[PDB]
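Trainee: Below are the C-alpha coordinates for one structure; questions will follow.
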(Lines of atoms letter the chains of each structure in order from A and count residues from 1; the text may use other names and numbers.)
(Lines give C-alpha, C1' and ligand atoms only; values in the text may rest on other atoms or scores of the structure.)
Protein backbone atom coordinates (compact mmCIF):
# COMPACT_ATOMS: atom_id res chain seq x y z
CA UNK A 1 0.00 0.00 0.00
CA UNK A 2 1.20 3.51 -0.82
CA UNK A 3 -0.18 5.86 1.89
CA UNK A 4 -1.29 9.41 1.23
CA UNK A 5 0.54 11.96 3.45
CA UNK A 6 -2.24 12.98 5.89
CA UNK A 7 -3.79 9.51 5.91
CA UNK A 8 -0.47 8.19 7.25
CA UNK A 9 -0.12 11.07 9.73
CA UNK A 10 -3.45 10.27 11.39
CA UNK A 11 -2.71 6.53 11.41
CA UNK A 12 0.65 7.07 13.14
CA UNK A 13 -1.02 9.32 15.72
CA UNK A 14 -3.66 6.71 16.45
CA UNK A 15 -0.85 4.16 16.93
CA UNK A 16 0.81 6.28 19.62
CA UNK A 17 3.82 7.52 17.68
CA UNK A 18 3.47 11.21 18.53
CA UNK A 19 6.20 11.96 21.02
CA UNK A 20 7.31 8.33 21.38
CA UNK A 21 10.70 8.50 23.10
CA UNK A 22 10.78 12.26 22.44
CA UNK A 23 10.19 11.84 18.68
CA UNK A 24 7.54 14.11 17.14
CA UNK A 25 5.04 12.92 14.56
CA UNK A 26 6.60 15.25 11.95
CA UNK A 27 9.93 13.44 12.38
CA UNK A 28 8.42 9.97 11.92
CA UNK A 29 6.71 11.33 8.80
CA UNK A 30 9.99 12.70 7.52
CA UNK A 31 11.58 9.30 8.14
CA UNK A 32 8.85 7.32 6.26
CA UNK A 33 8.92 9.75 3.32
CA UNK A 34 12.62 9.33 2.65
CA UNK A 35 12.90 5.65 3.58
CA UNK A 36 10.05 4.27 1.46
CA UNK A 37 7.98 7.10 -0.01
CA UNK A 38 5.15 5.92 2.31
CA UNK A 39 5.18 2.49 0.60
CA UNK A 40 4.59 -0.56 2.83
CA UNK A 41 5.94 -3.12 0.33
CA UNK A 42 9.27 -1.35 -0.28
CA UNK A 43 12.31 -3.63 0.08
CA UNK A 44 15.98 -2.85 -0.38
CA UNK A 45 18.85 -5.33 -0.61
CA UNK A 46 22.22 -4.33 0.78
CA UNK A 47 24.69 -6.27 -1.36
CA UNK A 48 27.59 -5.26 0.86
CA UNK A 49 26.41 -6.97 4.02
CA UNK A 50 23.65 -9.24 2.65
CA UNK A 51 20.85 -7.71 4.71
CA UNK A 52 17.55 -6.30 3.49
CA UNK A 53 15.47 -3.34 4.67
CA UNK A 54 11.71 -4.00 4.82
CA UNK A 55 8.60 -1.85 4.62
CA UNK A 56 7.51 1.69 5.30
CA UNK A 57 10.32 2.34 7.83
CA UNK A 58 12.91 0.19 6.04
CA UNK A 59 13.64 -1.96 9.09
CA UNK A 60 16.83 -4.04 8.77
CA UNK A 61 16.94 -7.86 8.85
CA UNK A 62 20.27 -8.01 10.71
CA UNK A 63 18.88 -6.69 14.00
CA UNK A 64 15.14 -6.17 14.01
CA UNK A 65 13.34 -8.84 12.06
CA UNK A 66 14.10 -12.35 10.87
CA UNK A 67 14.16 -13.35 7.17
CA UNK A 68 16.35 -16.47 7.49
CA UNK A 69 18.88 -15.51 4.82
CA UNK A 70 20.71 -12.73 6.69
CA UNK A 71 24.19 -13.84 7.95
CA UNK A 72 24.71 -13.44 11.69
CA UNK A 73 21.30 -11.91 12.23
CA UNK A 74 19.31 -11.06 15.34
CA UNK A 75 15.59 -10.40 15.88
CA UNK A 76 15.24 -7.62 18.48
CA UNK A 77 11.68 -6.68 17.49
CA UNK A 78 10.89 -10.45 17.43
CA UNK A 79 9.04 -10.53 14.10
CA UNK A 80 9.22 -12.23 10.71
CA UNK A 81 10.29 -9.60 8.14
CA UNK A 82 7.19 -10.68 6.19
CA UNK A 83 5.06 -8.81 8.81
CA UNK A 84 6.64 -5.54 7.76
CA UNK A 85 5.26 -5.88 4.21
CA UNK A 86 1.55 -5.82 5.12
CA UNK A 87 -0.87 -2.98 4.28
CA UNK A 88 -1.72 -2.72 7.98
CA UNK A 89 1.30 -1.03 9.58
CA UNK A 90 0.71 -2.01 13.24
CA UNK A 91 3.59 -4.53 13.25
CA UNK A 92 5.91 -2.08 11.43
CA UNK A 93 5.05 0.53 14.06
CA UNK A 94 5.80 -1.82 16.95
CA UNK A 95 9.16 -2.60 15.31
CA UNK A 96 10.03 1.09 14.78
CA UNK A 97 9.24 1.73 18.49
CA UNK A 98 11.63 -1.09 19.43
CA UNK A 99 14.42 0.40 17.25
CA UNK A 100 14.25 3.83 18.92
CA UNK A 101 14.25 2.21 22.37
CA UNK A 102 18.02 1.77 21.94
CA UNK A 103 20.25 4.79 22.86
CA UNK A 104 20.68 6.02 19.25
CA UNK A 105 16.97 6.76 18.97
CA UNK A 106 15.77 7.97 15.56
CA UNK A 107 19.43 8.50 14.65
CA UNK A 108 19.61 4.77 13.95
CA UNK A 109 18.43 5.60 10.41
CA UNK A 110 21.13 7.41 8.46
CA UNK A 111 18.48 8.85 6.16
CA UNK A 112 17.02 10.75 9.12
CA UNK A 113 20.32 12.58 9.81
CA UNK A 114 20.78 13.51 6.13
CA UNK A 115 17.23 14.67 5.35
CA UNK A 116 15.39 15.42 8.60
CA UNK A 117 17.62 16.38 11.50
CA UNK A 118 18.02 20.12 12.15
CA UNK A 119 15.43 20.99 9.47
CA UNK A 120 11.90 22.42 9.34
CA UNK A 121 9.80 19.24 9.21
CA UNK A 122 6.39 20.88 9.85
CA UNK A 123 5.60 20.48 6.18
CA UNK A 124 5.09 16.74 6.65
CA UNK A 125 2.03 17.12 8.97
CA UNK A 126 0.72 20.54 7.89
CA UNK A 127 -2.99 20.42 7.12
CA UNK A 128 -3.53 16.85 8.34
CA UNK A 129 -5.52 17.53 11.50
CA UNK A 130 -3.00 15.94 13.88
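Residue numbers (PDB author numbering): 1 to 130.
Every residue gets a Cβ at the ideal spot worked out from N, C-alpha and C, and that includes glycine.
From the DSSP output, which residues share a beta bridge with residue 2?
Mentor: 39
Trainee: What residues in its chain sit with their C-beta under 6 Å from that of residue 39, if we drop five residues either side in the sequence?
Mentor: 2
Trainee: Could you tell me the distance, in whole angstroms, from the CA atom of residue 122 to the CA atom of residue 60?
Mentor: Note on geometry: alpha-carbon atoms of residue 122 and residue 60 lie some 27 Å from one another.
Trainee: Using a C-beta cutoff of 8 Å, does residue 18 count as contacting chain D?
Mentor: Among the chains of the structure shown, chain D does not appear; only one protein chain is present.
Trainee: Does the Cβ of residue 36 have 16 or more other Cβ atoms within 10 Å, making it buried, or fewer, making it exposed?
Mentor: buried
Trainee: Taking 8 Å as the limit between beta carbons, can you name the residues of its chain near residue 108, skipping five residues before and five after?
Mentor: 99, 100 and 102
Trainee: For residue 33, does the count of other Cβ atoms within 10 angstroms reach 16, so buried, or fall short, so exposed?
Mentor: buried
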